[PDB]
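Below is one structure, written out as C-alpha cells, with a few remarks after it.
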Amino acid sequence: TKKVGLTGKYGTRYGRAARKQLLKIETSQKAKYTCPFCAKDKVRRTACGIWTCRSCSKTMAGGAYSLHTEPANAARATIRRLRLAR
Amino acid sequence: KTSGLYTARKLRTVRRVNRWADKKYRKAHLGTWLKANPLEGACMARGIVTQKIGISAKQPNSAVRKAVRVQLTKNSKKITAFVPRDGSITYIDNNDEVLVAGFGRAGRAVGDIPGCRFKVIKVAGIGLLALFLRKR
Amino acid sequence: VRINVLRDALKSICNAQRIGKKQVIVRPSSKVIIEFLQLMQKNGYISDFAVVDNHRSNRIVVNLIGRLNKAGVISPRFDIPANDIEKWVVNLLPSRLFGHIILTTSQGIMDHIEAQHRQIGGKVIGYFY
Amino acid sequence: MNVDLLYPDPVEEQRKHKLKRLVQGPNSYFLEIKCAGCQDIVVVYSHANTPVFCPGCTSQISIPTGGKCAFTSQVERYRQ
Amino acid sequence: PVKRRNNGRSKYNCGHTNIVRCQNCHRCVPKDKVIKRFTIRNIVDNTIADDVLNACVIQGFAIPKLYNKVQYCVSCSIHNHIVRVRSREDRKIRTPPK
Amino acid sequence: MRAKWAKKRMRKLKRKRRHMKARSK
Amino acid sequence: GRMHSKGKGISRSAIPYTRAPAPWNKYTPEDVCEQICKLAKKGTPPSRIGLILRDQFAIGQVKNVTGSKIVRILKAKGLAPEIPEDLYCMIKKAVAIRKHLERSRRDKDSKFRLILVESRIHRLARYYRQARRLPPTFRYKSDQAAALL
RNA sequence: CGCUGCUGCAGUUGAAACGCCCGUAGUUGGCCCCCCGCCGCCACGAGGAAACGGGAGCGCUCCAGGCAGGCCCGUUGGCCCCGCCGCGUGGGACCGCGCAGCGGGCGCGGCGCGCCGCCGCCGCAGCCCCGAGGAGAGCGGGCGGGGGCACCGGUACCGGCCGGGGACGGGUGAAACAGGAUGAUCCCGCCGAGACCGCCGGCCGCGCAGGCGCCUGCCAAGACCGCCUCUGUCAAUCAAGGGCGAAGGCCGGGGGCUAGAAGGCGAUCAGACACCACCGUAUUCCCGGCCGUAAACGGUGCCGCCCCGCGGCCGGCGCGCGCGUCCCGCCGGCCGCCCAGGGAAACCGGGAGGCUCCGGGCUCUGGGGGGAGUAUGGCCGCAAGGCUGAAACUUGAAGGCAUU
C-alpha cells in the first residue's frame, strides 16, 4: 500500500507511464458520480459512454471514463447562452 | 539572544553548536587533525630521508630552500622538512635517521617555503644546530 | 506584546529627560512601576508621580526635575545572592557611592545599599542612576 | 504658556483619539429627537447602525452610516 | 554603496510592475524604471508648417498634433541624451529642468 | 556571470560523476 | 496586531468612566432583562441583543443598568448559546468559504483564507474546551462542519 | 579573545534574517485581591575526610619549607573553604498557582481531638475585580490592477484572398542571405487563427508573499474606519508538521499568432561558431499534476513601547464655517525631507534612535580567504535537481565604506 494504489493488479509490468495513466483513468472509471436527475452519488459506468444511476435508475450518455467531460461541459454552457439569445 | 530564566538548555545547545564554527576550535577539538597530523600529537618524530630535495621559494623571495623527503617511522608517512641554517643539507645524507619537528605555525607553513610544515632538528642523532656551529 | 511594563515606563522617563520636559505620561500603570518611581522620588532623582484612574489599566504622570541619567530594568528578574549584591554594583552603576539598584526581597523592594546592611539578597528589578 | 498634564485642555482632549487620552471615553452620545407624526421624544444613539423605528410613524427614523446615524423624519437636538 | 534611495525605480507598496520595452533598444524594462518622457509635437515640422497651412483649401484647420509617450531603457536614455549622469549633489533634484 | 558559470560547470561535473557511480551501481 | 494578517488597526469601543445608570434612562433591571429574554426568543445573538438594547432602547451599557453582562443574564436563565457565538460565527464563515470552494477549485486565495479561519476555530475551541464552555467531546472537523452549523 | 559573547559579539552594504503564511512542542506572557496553602526565591542553621588553597603563631642561617618550638591558652598545631540543588527554621516581595460555599450545635463521638455525619439551625453584605491604544466575534459605512469563474470587445502582428497599380522590397553601422513580372513592397476591401490588454498608468492602490490592469455578470473573502455591541485573555514567536511560491524546466492532453533557448544561416574579424541581419524547434498560451528555485530585495525576521519638525498621496471618520472634493484634526496605510540620536562611513531617522551608559519577548543565521555548497550518507523529485552537509589540504590576506 503506497504509490500504486489500484495499479497493483498489473504488478511489476507495463512500465510506470502506463500504470500512472491507468491510475488516473481507472480511478475515474470505477468512481461513483452524482445523478443530474436524482442528485445522489450512485451513477456508475456500465460501458464506455453508458452511465447508469443505481438509485435514480436513469441511464445517461457520458464520457468514457467520467459521467461528464470537459469539452461537453463547455458545449452545454455555450448552447444555453446561444439558446437564451435565440 | 534567548532571555528566559528557563532558557539555560537552549543557551548551552547554541554554544555547543556555535563553538565549532571558529576554525581554531575545530582544529583543536574535532579530532580530525590528530589523525591527519604526520606527528600525531607528538612534539616531533624520527624518520629516514629518502630524497634530499630543494623547494623553490614562493614570491617575492628567490632561493632553493633545501628540504628532505623523510618517511616518519611511527606512521610510515613520507613528509617534507626544511633543513635549517647555511649549507647544512651537507650533513644530511639519504638513508640517514633524522628527527623532524614543527615550524612553529602549528602545522601551517612559514614564509616563502611552499608546503613545508616542519624543520629537521637532529640528523644521525646529533642536533643540526650543533653541527653548523661545529660543536660536534 | 507589552511583556515588561517597567521597561516601557522607564524608557519614556529617560527619553523625556533627554529632550528635557517637565511632565511625561506612562501608558500602563503597574503597582511595581509605582514602587519604582517611589524609590527614585525618595532619593530625589524624580518629583511627584500622579496615577490617573483610567478604570482600565490606569496611567502615570511623572514630574521630571532633570537629575536622572539612566534608569533601566534588568530582565529576566535575576536571583542575586547577598555575596553578589556588590558584584552587580560595579557591572551596573557608576561609582559605589552614587546610584541605586532596586532588588525585590521578602522584606520588600529596596535599594541595594539598604539590603547590604540588612545582610539579605533578593531578585533584581532594575538600575537607576 | 504653562499648559501641563494631569489637568489638560478639554478642547485639545476632544481632538485626540478616545483611547489615546488620559481617560479613554465615549465619543458618542444619545440624542433627544422628535418625529413629524409623534411629538413625544425618542432617545437614540448618535452612531446607531441598527435599523431604528419611530414610536409613531411606522417607517424607520434611523439611516445607518459609517459614523453618526443620519435621520429620515423630523429632528430635535441635544439630549438633556 | 547604495547610489539611490529610489533604487532607480518608483516602486512603492508593490512587488512587481508591468514590463514595457525600450522604443530604441527593445530591452524589457519594468514600468517604474522607464524614462517615460511624453511628447506632443506637430504632424509636420514648423519649417513645413507655414507652407502646409497655406496649401490647405479648408477654412480653419491647424496642423494636427502627434501625441506619443516615449519610454526608454536606462542605457538607451543615457546614450541618446534623454537623461544625464549628475553629481551626488544634484542627483536629488526632481523638478524638470530647462 | 562567473558565479552562474561556475555553478553550471559544477553541475555538468556532478551529473558526469552521478553517471559514473551508476555504471558500477 | 491582527492574528492572521500583517495589519495594524485600532477601532475599539470606549466604555464610559461612569459605571452607574444614566439619568434619562427609565428601564429597571427587570425591564431590560425582559427585553434580553424576548430577544433570545427571536433568536438574536448576544452581540445583536446588546446592540438592540443600545439603539432602540437607550441602555448603551447593559452592565451599567443591570449588574451582569448579556450572557451572564442568559446563563442564569440557562438560555445561553450552546456553542459560544464567537466560535459559531467563525464556523458559519468556514462553511461559507467551503461552499464557494466546492464550485471553484482554482481559488487558491480562498483556500488560504480557509486555513486561517479554520486555525482560529481550533484555537478558540481549545480555549473553550479548557474553560468547559464547550463539551470536551466537541471537535471541529471540516467535512462534518456543515452539520455542526 | 568581547575571535563564542550568561555578563558581553554580529547579521542594510564587511560573514550572516529562512521567499511567504498557518502551526504543535519549546520559550515568553497586560493590569489586577495587602495577610495562606504549596512553590521556586533568599537569609541563616545543623551535618558533612584530609591533602590542597586561603589563612593565625613559629628566624629550618635566609629561603622553597615544616609544624615546629619554648620552661610555655589545658604551650601550640587556631579558623575558612567539600557549591550541598538534600535537610532544618525564618521571611514571603517577586514568581506561578488553589474546581469545590461557609459558620453554629450535636460533642469528649472507646483516656483529647479532628473526622464523619445529621438539623435550617438564622449567624454570611453567603457566592461577579474590572473591562488591555492585547486578541477573537458582531453590526454599520465606504475601499481597492486582491482571488476565482463564465462572457466579451478592440486594434496590432501573422497568414489566406478580391481589386488597383507598376520595380524594386527587406535589412543595417554599412551591408549581405533570403522576398519580387508566379506582379512583390505599397494601398484598400475583406477574412481566419492565436496571443495581448495601449495611451490613461502614478513617490496610485490591493494582496500572505510570489504577484495583480479588456467588457459584462456572478461567487466567496479581505484590510481600514466608526461604535456606551459580544466574549473575557481566549495571546507573542515558533523547531517538528501543513499549505503557497516569478521565470525557466518536466509530465499527460489541447492549442500554435507573436517573439524565440537549440539548430541553421549572411556579414564580420587573425578566428569567431558571438554581438547585428534573416529563417526557425522546444518554449510562450490553456487544463490537470510535478518542481520548489530568484539580486524571491527594503540586500533590513516577527510582536510591543516612547521617540522632531515640515510636507505629499491614500481609505475611512469627525470638527469648524455658509459652504467649498474648503479647512483643521483623528485613525490606518504608502512615502519624501530631516533636528537630535546612532554608525567604520555610506547613511538611517514610521530607525540602522532610545546600546560599552551594553539585559521588553521569540525564532533564524554567521565566526579570516579558499577547498566547497564539493565528497559521502540521508530524505525528496519523473528528471533536472532541491534540502541537509563535511574533511584532508592550501593560504596572508579576502572584504566593507570612504579620500586623493
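If you're wondering about the labels, chains in the C-alpha cells are A, B, ... by order shown, residues count from 1 in each chain, ligands from 1 in order shown.
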
Closest atom pairs, residues of chain G within 10 Å of chain C, only C-alpha atoms, as CSV:
residue,atom,partner,partner_atom,distance
G:1,CA,C:1,CA,9.2
G:15,CA,C:56,CA,9.5
G:16,CA,C:55,CA,9.1
G:17,CA,C:55,CA,6.5
G:18,CA,C:55,CA,9.4
G:19,CA,C:55,CA,9.7

Residues from last step as file, N, CA and C atoms, as a PDB file, in the first residue's frame:
ATOM      1  N   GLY G   1      -1.952  43.733  17.022  1.00  0.00           N
ATOM      2  CA  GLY G   1      -1.811  43.360  15.605  1.00  0.00           C
ATOM      3  C   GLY G   1      -2.732  42.214  15.260  1.00  0.00           C
ATOM      4  N   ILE G  15     -15.704  52.335  26.752  1.00  0.00           N
ATOM      5  CA  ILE G  15     -16.762  52.297  27.804  1.00  0.00           C
ATOM      6  C   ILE G  15     -16.578  53.525  28.704  1.00  0.00           C
ATOM      7  N   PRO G  16     -17.663  54.170  29.186  1.00  0.00           N
ATOM      8  CA  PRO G  16     -17.547  55.396  29.974  1.00  0.00           C
ATOM      9  C   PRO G  16     -16.945  55.169  31.363  1.00  0.00           C
ATOM     10  N   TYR G  17     -16.403  56.215  31.990  1.00  0.00           N
ATOM     11  CA  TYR G  17     -15.891  56.050  33.377  1.00  0.00           C
ATOM     12  C   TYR G  17     -17.063  55.696  34.283  1.00  0.00           C
ATOM     13  N   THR G  18     -18.189  56.372  34.088  1.00  0.00           N
ATOM     14  CA  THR G  18     -19.353  56.125  34.958  1.00  0.00           C
ATOM     15  C   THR G  18     -19.812  54.691  34.714  1.00  0.00           C
ATOM     16  N   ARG G  19     -19.955  53.907  35.779  1.00  0.00           N
ATOM     17  CA  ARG G  19     -20.426  52.505  35.658  1.00  0.00           C
ATOM     18  C   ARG G  19     -21.840  52.500  36.214  1.00  0.00           C
TER      19      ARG G  19
END

Item to check | Residue hits in chain B, query chain H, radius 12 Å, only C-alpha atoms (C1' of nucleotides), as a VMD selection string | outcome: chain B and resid 1 to 12 14 to 27 30 to 37 58 107 to 112 114 to 117

For the selection just defined, write its residues with N, CA and C atoms to a file, as a compact mmCIF listing (two decimals), in the first residue's frame.
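Output contents, as saved in part_6.txt:
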# COMPACT_ATOMS: atom_id res chain seq x y z
N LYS B 1 19.07 37.52 21.42
CA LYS B 1 19.51 36.30 22.16
C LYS B 1 18.36 35.80 23.04
N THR B 2 18.46 34.55 23.51
CA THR B 2 17.37 33.96 24.31
C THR B 2 17.45 34.52 25.73
N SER B 3 16.34 35.04 26.25
CA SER B 3 16.38 35.71 27.57
C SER B 3 15.26 35.18 28.46
N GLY B 4 15.38 33.94 28.91
CA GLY B 4 14.39 33.42 29.85
C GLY B 4 15.11 32.81 31.03
N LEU B 5 14.48 32.84 32.19
CA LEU B 5 15.11 32.21 33.37
C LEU B 5 15.17 30.72 33.08
N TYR B 6 14.32 30.21 32.19
CA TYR B 6 14.26 28.74 31.96
C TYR B 6 14.86 28.38 30.61
N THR B 7 15.74 29.23 30.08
CA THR B 7 16.30 29.03 28.72
C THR B 7 17.77 28.61 28.78
N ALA B 8 18.21 28.02 29.88
CA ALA B 8 19.61 27.56 30.01
C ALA B 8 19.93 26.45 29.00
N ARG B 9 18.99 25.54 28.77
CA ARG B 9 19.28 24.42 27.85
C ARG B 9 19.54 24.98 26.46
N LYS B 10 18.71 25.92 26.01
CA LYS B 10 18.86 26.44 24.63
C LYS B 10 20.21 27.13 24.54
N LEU B 11 20.56 27.90 25.56
CA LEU B 11 21.82 28.67 25.52
C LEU B 11 23.01 27.70 25.51
N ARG B 12 22.94 26.62 26.28
CA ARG B 12 24.03 25.61 26.28
C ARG B 12 24.13 24.96 24.91
N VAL B 14 23.22 26.20 22.02
CA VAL B 14 23.71 27.14 20.99
C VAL B 14 25.22 27.19 21.13
N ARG B 15 25.73 27.28 22.35
CA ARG B 15 27.20 27.42 22.48
C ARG B 15 27.84 26.16 21.92
N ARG B 16 27.25 25.01 22.20
CA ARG B 16 27.89 23.75 21.76
C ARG B 16 27.95 23.74 20.23
N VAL B 17 26.85 24.08 19.57
CA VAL B 17 26.80 24.06 18.08
C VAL B 17 27.66 25.18 17.50
N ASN B 18 27.56 26.38 18.06
CA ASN B 18 28.28 27.56 17.51
C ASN B 18 29.78 27.48 17.78
N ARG B 19 30.20 26.80 18.84
CA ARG B 19 31.63 26.79 19.24
C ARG B 19 32.50 26.22 18.12
N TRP B 20 32.01 25.21 17.42
CA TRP B 20 32.81 24.54 16.35
C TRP B 20 33.01 25.47 15.15
N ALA B 21 32.25 26.56 15.05
CA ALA B 21 32.34 27.49 13.90
C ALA B 21 33.73 28.13 13.81
N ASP B 22 34.34 28.52 14.94
CA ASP B 22 35.71 29.08 14.95
C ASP B 22 36.66 28.01 14.43
N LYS B 23 37.52 28.35 13.48
CA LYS B 23 38.41 27.35 12.84
C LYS B 23 39.36 26.74 13.86
N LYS B 24 39.94 27.54 14.76
CA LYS B 24 40.97 27.01 15.70
C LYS B 24 40.35 25.99 16.65
N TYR B 25 39.12 26.21 17.11
CA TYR B 25 38.46 25.21 17.98
C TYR B 25 38.29 23.90 17.21
N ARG B 26 37.86 23.98 15.96
CA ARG B 26 37.65 22.76 15.14
C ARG B 26 38.97 22.04 14.92
N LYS B 27 40.05 22.78 14.68
CA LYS B 27 41.35 22.10 14.53
C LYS B 27 41.71 21.40 15.84
N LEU B 30 38.02 18.84 17.17
CA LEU B 30 37.30 17.85 16.32
C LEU B 30 37.96 16.47 16.36
N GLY B 31 39.29 16.42 16.36
CA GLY B 31 40.00 15.13 16.34
C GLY B 31 40.38 14.71 14.95
N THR B 32 39.92 15.42 13.92
CA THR B 32 40.35 15.12 12.53
C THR B 32 41.84 15.44 12.41
N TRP B 33 42.28 16.54 13.02
CA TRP B 33 43.71 16.94 12.96
C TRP B 33 44.59 15.88 13.62
N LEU B 34 44.17 15.33 14.75
CA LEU B 34 45.02 14.36 15.48
C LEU B 34 45.30 13.15 14.58
N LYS B 35 44.30 12.67 13.84
CA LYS B 35 44.55 11.56 12.89
C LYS B 35 45.44 12.02 11.73
N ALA B 36 45.16 13.19 11.17
CA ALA B 36 45.89 13.70 9.98
C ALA B 36 47.34 14.09 10.26
N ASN B 37 47.62 14.70 11.41
CA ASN B 37 48.98 15.25 11.65
C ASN B 37 50.01 14.15 11.47
N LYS B 58 58.66 30.78 -2.72
CA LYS B 58 57.44 31.45 -3.23
C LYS B 58 57.83 32.91 -3.40
N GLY B 107 51.45 23.33 12.24
CA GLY B 107 51.02 22.58 11.04
C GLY B 107 50.88 23.47 9.83
N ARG B 108 50.98 24.78 10.00
CA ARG B 108 50.95 25.73 8.85
C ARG B 108 52.35 25.85 8.24
N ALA B 109 52.50 26.67 7.21
CA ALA B 109 53.81 26.83 6.53
C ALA B 109 54.34 28.23 6.81
N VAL B 110 55.65 28.37 7.00
CA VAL B 110 56.21 29.70 7.41
C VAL B 110 56.96 30.37 6.26
N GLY B 111 56.64 31.64 6.01
CA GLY B 111 57.34 32.43 4.99
C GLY B 111 57.23 31.95 3.56
N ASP B 112 58.36 31.83 2.86
CA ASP B 112 58.35 31.52 1.41
C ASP B 112 58.63 30.04 1.13
N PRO B 114 57.10 26.86 0.23
CA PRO B 114 55.75 26.44 -0.09
C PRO B 114 55.49 25.02 0.41
N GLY B 115 54.40 24.81 1.14
CA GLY B 115 54.05 23.46 1.60
C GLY B 115 55.14 22.78 2.41
N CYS B 116 55.85 23.51 3.27
CA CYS B 116 56.81 22.83 4.18
C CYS B 116 56.26 23.03 5.59
N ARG B 117 55.93 21.94 6.28
CA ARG B 117 55.25 22.10 7.58
C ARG B 117 56.18 21.79 8.75

Checklist entry - How many Å lie between atom CA of residue 120 of chain B and atom CA of residue 61 of chain B, rounded to one decimal? => result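 Answer for the atom CA of residue 120 of chain B to atom CA of residue 61 of chain B separation: 21.7 Å.
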
Might you pull out every residue within 9 Å of segment 55-65 of chain D, with only C-alpha atoms (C1' of nucleotides) counted and same-chain residues fewer than 6 positions away left off, and present them as a PDB file with C-alpha atoms (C1' of nucleotides), in the first residue's frame?
ATOM      1  CA  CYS D  35     -40.705  62.849  14.819  1.00  0.00           C
ATOM      2  CA  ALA D  36     -43.167  64.532  12.391  1.00  0.00           C
ATOM      3  CA  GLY D  37     -46.141  62.308  13.360  1.00  0.00           C
ATOM      4  CA  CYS D  38     -45.463  61.980  17.127  1.00  0.00           C
ATOM      5  CA  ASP D  40     -43.010  62.520  22.094  1.00  0.00           C
ATOM      6  CA  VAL D  42     -37.353  59.031  21.371  1.00  0.00           C
ATOM      7  CA  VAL D  44     -31.454  57.251  20.118  1.00  0.00           C
ATOM      8  CA  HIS D  47     -23.976  56.299  15.967  1.00  0.00           C
ATOM      9  CA  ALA D  48     -26.819  53.725  15.749  1.00  0.00           C
ATOM     10  CA  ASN D  49     -26.091  51.255  12.889  1.00  0.00           C
ATOM     11  CA  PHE D  71     -32.239  60.709  10.419  1.00  0.00           C
ATOM     12  CA  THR D  72     -35.102  60.475   7.864  1.00  0.00           C
ATOM     13  CA  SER D  73     -38.026  62.361   9.538  1.00  0.00           C
ATOM     14  CA  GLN D  74     -38.307  65.443  11.833  1.00  0.00           C
TER      15      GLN D  74
ATOM     16  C1'   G H 140     -22.735  49.681  10.008  1.00  0.00           C
ATOM     17  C1'   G H 141     -20.325  52.603   6.079  1.00  0.00           C
ATOM     18  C1'   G H 226     -16.879  54.189  13.113  1.00  0.00           C
TER      19        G H 226
END

Next on the checklist: Report as number ranges by chain all protein, DNA and RNA residues lying within 12 Å of residue 54 of chain A, evaluated on only C-alpha atoms (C1' of nucleotides), omitting residues in the same chain fewer than 2 positions from it.
Outcome noted: A: 32-35, 37-46, 51-52, 56-60

Checklist entry - Excluding same-chain residues fewer than 4 positions from residue 118 of chain C, what lies within 12 Å of it counting only C-alpha atoms (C1' of nucleotides), as JSON, numbers by chain? => result {"C": [82, 85, 105, 106, 107, 108, 110, 111, 112, 113, 114, 122], "H": [43]}

Item to check | All residues 12 Å or closer to residue 139 of chain H, only C-alpha atoms (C1' of nucleotides), same chain fewer than 2 positions away omitted, as a VMD selection string | outcome: (chain D and resid 47 to 51 64 to 66) or (chain G and resid 45 to 52 54 to 55) or (chain H and resid 137 141 226 to 227 229 to 230)

Checklist entry - Can you tell me how far atom CA of residue 104 of chain C sits from atom CA of residue 2 of chain C, in Å to one decimal? => result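 These two atoms are separated by 21.3 Å.
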
Which residues of chain H come within 12 Å of chain A, and for each one, what is the closest pair of atoms and their distance in Å to one decimal, counting only C-alpha atoms (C1' of nucleotides), sorted by chain and residue number, as a Markdown table?
| residue | atom | partner | partner_atom | distance |
| --- | --- | --- | --- | --- |
| H:150 | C1' | A:77 | CA | 9.0 |
| H:151 | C1' | A:81 | CA | 9.3 |
| H:251 | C1' | A:17 | CA | 9.4 |
| H:252 | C1' | A:21 | CA | 7.7 |
| H:253 | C1' | A:21 | CA | 11.4 |
| H:254 | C1' | A:71 | CA | 10.4 |
| H:287 | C1' | A:70 | CA | 9.1 |
| H:288 | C1' | A:24 | CA | 10.4 |
| H:289 | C1' | A:24 | CA | 10.7 |
| H:382 | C1' | A:16 | CA | 9.4 |

Item to check | chain D contacts to chain H at 12 Å (only C-alpha atoms (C1' of nucleotides)) as a PyMOL selection string | outcome: chain D and resi 11-30+44-51+62-70

Store the residues picked out above, limited to C-alpha atoms, as a PDB file, in the first residue's frame.
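Okay, result-v6.pdb is ready:
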ATOM      1  CA  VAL D  11     -10.881  71.140  23.604  1.00  0.00           C
ATOM      2  CA  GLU D  12      -7.416  69.664  22.962  1.00  0.00           C
ATOM      3  CA  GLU D  13      -8.522  66.311  24.517  1.00  0.00           C
ATOM      4  CA  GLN D  14     -11.522  66.008  22.181  1.00  0.00           C
ATOM      5  CA  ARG D  15      -9.363  66.256  19.033  1.00  0.00           C
ATOM      6  CA  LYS D  16      -7.169  63.396  20.393  1.00  0.00           C
ATOM      7  CA  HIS D  17      -8.418  59.777  19.914  1.00  0.00           C
ATOM      8  CA  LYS D  18     -10.748  58.387  22.593  1.00  0.00           C
ATOM      9  CA  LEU D  19      -8.267  55.769  23.801  1.00  0.00           C
ATOM     10  CA  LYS D  20      -5.119  57.879  23.227  1.00  0.00           C
ATOM     11  CA  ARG D  21      -6.230  60.192  26.107  1.00  0.00           C
ATOM     12  CA  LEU D  22      -5.738  60.420  29.893  1.00  0.00           C
ATOM     13  CA  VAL D  23      -9.139  58.780  30.333  1.00  0.00           C
ATOM     14  CA  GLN D  24     -10.429  56.683  27.400  1.00  0.00           C
ATOM     15  CA  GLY D  25     -14.026  57.873  26.934  1.00  0.00           C
ATOM     16  CA  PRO D  26     -17.064  57.582  24.648  1.00  0.00           C
ATOM     17  CA  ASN D  27     -17.107  59.812  21.517  1.00  0.00           C
ATOM     18  CA  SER D  28     -20.838  59.127  21.066  1.00  0.00           C
ATOM     19  CA  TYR D  29     -23.890  60.378  22.969  1.00  0.00           C
ATOM     20  CA  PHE D  30     -27.652  59.870  22.976  1.00  0.00           C
ATOM     21  CA  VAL D  44     -31.454  57.251  20.118  1.00  0.00           C
ATOM     22  CA  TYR D  45     -27.692  56.568  19.866  1.00  0.00           C
ATOM     23  CA  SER D  46     -25.740  59.156  17.851  1.00  0.00           C
ATOM     24  CA  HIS D  47     -23.976  56.299  15.967  1.00  0.00           C
ATOM     25  CA  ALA D  48     -26.819  53.725  15.749  1.00  0.00           C
ATOM     26  CA  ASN D  49     -26.091  51.255  12.889  1.00  0.00           C
ATOM     27  CA  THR D  50     -29.205  49.200  13.917  1.00  0.00           C
ATOM     28  CA  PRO D  51     -32.492  49.793  11.997  1.00  0.00           C
ATOM     29  CA  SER D  62     -32.605  55.859  11.635  1.00  0.00           C
ATOM     30  CA  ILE D  63     -30.425  55.751   8.438  1.00  0.00           C
ATOM     31  CA  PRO D  64     -27.190  53.809   9.262  1.00  0.00           C
ATOM     32  CA  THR D  65     -23.834  55.401   8.328  1.00  0.00           C
ATOM     33  CA  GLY D  66     -20.076  54.998   8.663  1.00  0.00           C
ATOM     34  CA  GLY D  67     -20.088  57.386  11.588  1.00  0.00           C
ATOM     35  CA  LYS D  68     -23.083  59.213  13.108  1.00  0.00           C
ATOM     36  CA  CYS D  69     -26.597  57.887  12.305  1.00  0.00           C
ATOM     37  CA  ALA D  70     -28.474  60.225   9.918  1.00  0.00           C
TER      38      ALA D  70
END

Next on the checklist: Taking 4 positions as the minimum chain separation for residues in the same chain, which residues sit within 9 Å of segment 29-46 of chain E when counting only C-alpha atoms (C1' of nucleotides)? Answer as an MDAnalysis selection string.
Outcome noted: chainID E and resid 7:11 16:22 50 52 63:74 77 82:83

Can you spit out the residues from that selection as a compact mmCIF listing (two decimals), in the first residue's frame, using N, CA, C and O atoms?
# COMPACT_ATOMS: atom_id res chain seq x y z
N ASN E 7 16.24 53.50 -5.81
CA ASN E 7 16.78 52.23 -6.36
C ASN E 7 16.66 52.30 -7.88
O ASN E 7 16.83 51.27 -8.54
N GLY E 8 16.41 53.50 -8.40
CA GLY E 8 16.28 53.71 -9.86
C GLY E 8 14.86 53.47 -10.31
O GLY E 8 14.58 53.70 -11.49
N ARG E 9 13.97 53.09 -9.39
CA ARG E 9 12.58 52.74 -9.75
C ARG E 9 11.63 53.45 -8.80
O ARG E 9 12.03 53.80 -7.70
N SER E 10 10.39 53.61 -9.22
CA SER E 10 9.41 54.34 -8.38
C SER E 10 8.48 53.34 -7.68
O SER E 10 7.37 53.74 -7.33
N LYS E 11 8.91 52.09 -7.54
CA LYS E 11 8.03 51.06 -6.95
C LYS E 11 7.83 51.36 -5.47
O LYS E 11 8.83 51.41 -4.74
N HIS E 16 5.89 43.93 -7.95
CA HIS E 16 6.09 43.71 -9.41
C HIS E 16 5.44 44.84 -10.19
O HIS E 16 4.37 45.30 -9.77
N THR E 17 6.06 45.28 -11.29
CA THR E 17 5.43 46.29 -12.16
C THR E 17 5.34 45.75 -13.58
O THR E 17 6.15 44.86 -13.91
N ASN E 18 4.42 46.26 -14.39
CA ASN E 18 4.22 45.75 -15.76
C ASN E 18 5.45 46.07 -16.60
O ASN E 18 5.88 47.21 -16.57
N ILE E 19 5.95 45.09 -17.36
CA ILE E 19 7.14 45.31 -18.23
C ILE E 19 6.76 46.15 -19.45
O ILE E 19 5.61 46.02 -19.91
N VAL E 20 7.66 47.04 -19.91
CA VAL E 20 7.46 47.84 -21.15
C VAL E 20 8.76 47.60 -21.93
O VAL E 20 9.63 46.97 -21.35
N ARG E 21 8.86 47.94 -23.21
CA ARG E 21 10.16 47.73 -23.89
C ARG E 21 10.78 49.08 -24.27
O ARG E 21 10.00 50.01 -24.53
N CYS E 22 12.11 49.19 -24.31
CA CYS E 22 12.73 50.45 -24.79
C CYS E 22 12.25 50.62 -26.23
O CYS E 22 12.25 49.63 -26.96
N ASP E 50 4.30 76.32 -42.24
CA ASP E 50 3.83 77.56 -42.92
C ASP E 50 3.32 77.17 -44.30
O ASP E 50 2.19 77.57 -44.63
N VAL E 52 2.45 74.16 -45.52
CA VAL E 52 1.25 73.29 -45.48
C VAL E 52 0.02 74.12 -45.13
O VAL E 52 -1.04 73.88 -45.72
N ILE E 63 -2.39 72.37 -38.21
CA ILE E 63 -1.63 71.11 -38.39
C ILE E 63 -1.92 70.30 -37.13
O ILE E 63 -1.57 70.76 -36.03
N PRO E 64 -2.51 69.09 -37.25
CA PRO E 64 -2.94 68.34 -36.07
C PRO E 64 -1.77 67.70 -35.30
O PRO E 64 -0.94 67.08 -35.91
N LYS E 65 -1.77 67.82 -33.98
CA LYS E 65 -0.60 67.38 -33.17
C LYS E 65 -0.45 65.87 -33.08
O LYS E 65 -1.47 65.17 -33.17
N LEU E 66 0.78 65.39 -32.87
CA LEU E 66 1.03 63.94 -32.68
C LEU E 66 1.41 63.73 -31.21
O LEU E 66 2.37 64.36 -30.76
N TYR E 67 0.72 62.83 -30.53
CA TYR E 67 0.98 62.58 -29.10
C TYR E 67 1.57 61.18 -28.97
O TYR E 67 0.93 60.24 -29.45
N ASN E 68 2.75 61.05 -28.37
CA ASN E 68 3.35 59.71 -28.12
C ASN E 68 4.08 59.74 -26.78
O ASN E 68 4.70 60.77 -26.49
N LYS E 69 3.98 58.68 -25.99
CA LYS E 69 4.75 58.58 -24.73
C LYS E 69 6.00 57.81 -25.09
O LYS E 69 5.88 56.60 -25.33
N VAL E 70 7.16 58.47 -25.12
CA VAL E 70 8.37 57.65 -25.39
C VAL E 70 8.86 57.09 -24.07
O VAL E 70 9.02 57.86 -23.12
N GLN E 71 9.05 55.78 -24.01
CA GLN E 71 9.56 55.15 -22.79
C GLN E 71 10.92 54.58 -23.15
O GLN E 71 10.98 53.78 -24.08
N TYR E 72 11.96 54.94 -22.43
CA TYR E 72 13.30 54.48 -22.86
C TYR E 72 13.95 53.65 -21.76
O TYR E 72 13.63 53.85 -20.58
N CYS E 73 14.81 52.71 -22.15
CA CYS E 73 15.55 51.89 -21.17
C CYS E 73 16.67 52.77 -20.64
O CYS E 73 16.96 53.77 -21.30
N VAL E 74 17.29 52.43 -19.50
CA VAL E 74 18.32 53.35 -18.94
C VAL E 74 19.42 53.58 -19.98
O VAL E 74 19.71 54.74 -20.26
N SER E 77 18.46 55.78 -22.82
CA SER E 77 18.30 57.17 -22.33
C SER E 77 19.63 57.92 -22.17
O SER E 77 19.65 59.12 -22.45
N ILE E 82 18.66 61.59 -23.32
CA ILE E 82 17.34 61.92 -22.72
C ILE E 82 17.60 62.31 -21.27
O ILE E 82 16.99 63.28 -20.81
N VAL E 83 18.49 61.57 -20.59
CA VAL E 83 18.86 61.90 -19.18
C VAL E 83 20.38 61.97 -19.07
O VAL E 83 21.05 61.30 -19.87

Next on the checklist: What's the separation between atom CA of residue 71 of chain G and atom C1' of residue 235 of chain H, in Å to one decimal place?
Outcome noted: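 Atom CA of residue 71 of chain G sits 22.9 Å away from atom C1' of residue 235 of chain H.
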